[PDB]
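In: Generate coordinates for the sequence data below:
(chains A and B)
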Amino acid sequence: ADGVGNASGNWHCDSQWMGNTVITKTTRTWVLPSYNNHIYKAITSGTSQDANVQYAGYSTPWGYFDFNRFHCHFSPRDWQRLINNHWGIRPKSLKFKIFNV
Amino acid sequence: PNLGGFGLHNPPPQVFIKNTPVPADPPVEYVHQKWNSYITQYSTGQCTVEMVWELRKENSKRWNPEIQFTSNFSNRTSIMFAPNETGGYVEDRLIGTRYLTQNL
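Out: Residues are numbered from 1 along each chain as shown, chains lettered A, B, ... in the order given. Structure as follows:
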């Protein structure tokens, strides 16, 4: 696909307002460690006897991306253009990239 | 213009309107005089003004929110920019156009 000395993507942050739609683009730099040191761990609440706080599950070596807050996608100024001029908003489509690894 | 607005070499034309004089009863025997006798007239109607305005869209990369004109009048005995209890229209606040910002 690409070598050592070529960038595999470009930086994109903008908001586009066209008609009844707005398109937000945002780019971040991310850091991923190696979690658990490449193993799965069975995790619980331990010796806790309180039923309310008990849990059982697994931690994984994997990480993940969470963009699920609005201020990820909107500058404060864009949020202003949204809320002053419009009666409604809903999400339509989503595109996600990882590059320059 | 010093008062503000748009200076125009060719401003919108003046629209003039009069009630056509309706003369009163003339004398049966002709007399040579200026005619001062009229029936009292007045007129009323409706007029529509339709103006087209060209706009420049705000285009700005500013990150933080800007200043907006808003209603901060709070609690009132009548709505601001509306009629009052006796029907008088009330605009007590001057409103300019300069809220959005731009670099020099």
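
In: Give me the contact list for the longest helix along chain A.
Out: With residue count as the measure and DSSP state H as the assignment, chain A has helix A:76-85 as its longest helix. Judged by Cβ atoms under 8 Å, 6 or more residues apart in numbering or on different chains, the contacts made with helix A:76-85 from elsewhere in the structure are A:15, A:17, A:22, A:24, A:70-71, A:74, A:89, B:60, B:62-66, B:68. For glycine as for every other residue, the C-beta is placed from the backbone atoms N, C-alpha and C.

In: how about 10 Å then?
Out: Contact partners of helix A:76-85, identified using Cβ atoms under 10 Å, 6 or more residues apart in numbering or on different chains, comprise A:14-15, A:17, A:22, A:24, A:70-71, A:73-75, A:89, B:58, B:60-66, B:68, B:70.

In: Can you tell me which of those end up in strands?
Out: The subset of the contacts of helix A:76-85 located in strands under the criterion DSSP state E comprises A:14-15, A:17, A:22, A:24.

In: Pull out the buried members of the residues you listed.
Out: A:15, A:22 (16 or more other Cβ atoms under 10 Å in any protein chain shown).

In: residues touching residue B:59, list them.
Out: When contacts are taken as Cβ under 10 Å, 6+ apart, residue B:59 is in contact with residue B:102.

In: my bad, should have said residue A:59
Out: By Cβ under 10 Å, 6+ apart, the residues touching residue A:59 are A:35-36, A:39-43.

In: In what element of secondary structure is the most far-flung residue of chain A relative to its centre found?
Out: Among the residues of chain A, the one whose C-alpha is farthest from the average of all C-alpha positions is residue A:49, by Cα atoms, centre = their mean at 35.5 Å. With the criterion set as DSSP states H and E, no secondary-structure element contains residue A:49; it sits in neither a helix nor a strand.

In: Just give me the neighbour total for residue A:61.
Out: Using other Cβ atoms under 10 Å in any protein chain shown, residue A:61 has 13 other residues around it.

In: next one: residue A:52
Out: Residues contacting residue A:52 under the criterion other Cβ under 10 Å number 6.

In: Residue A:78 now?
Out: There are 19 residues near residue A:78, going by other Cβ under 10 Å.

In: likewise residue A:75?
Out: A count of nearby residues for residue A:75, using other Cβ under 10 Å, gives 19.

In: Verify the contact between it and residue A:22 for me.
Out: No: using Cβ atoms under 10 Å, residue A:75 and residue A:22 do not qualify as a contacting pair, with a distance of 11.6 Å.
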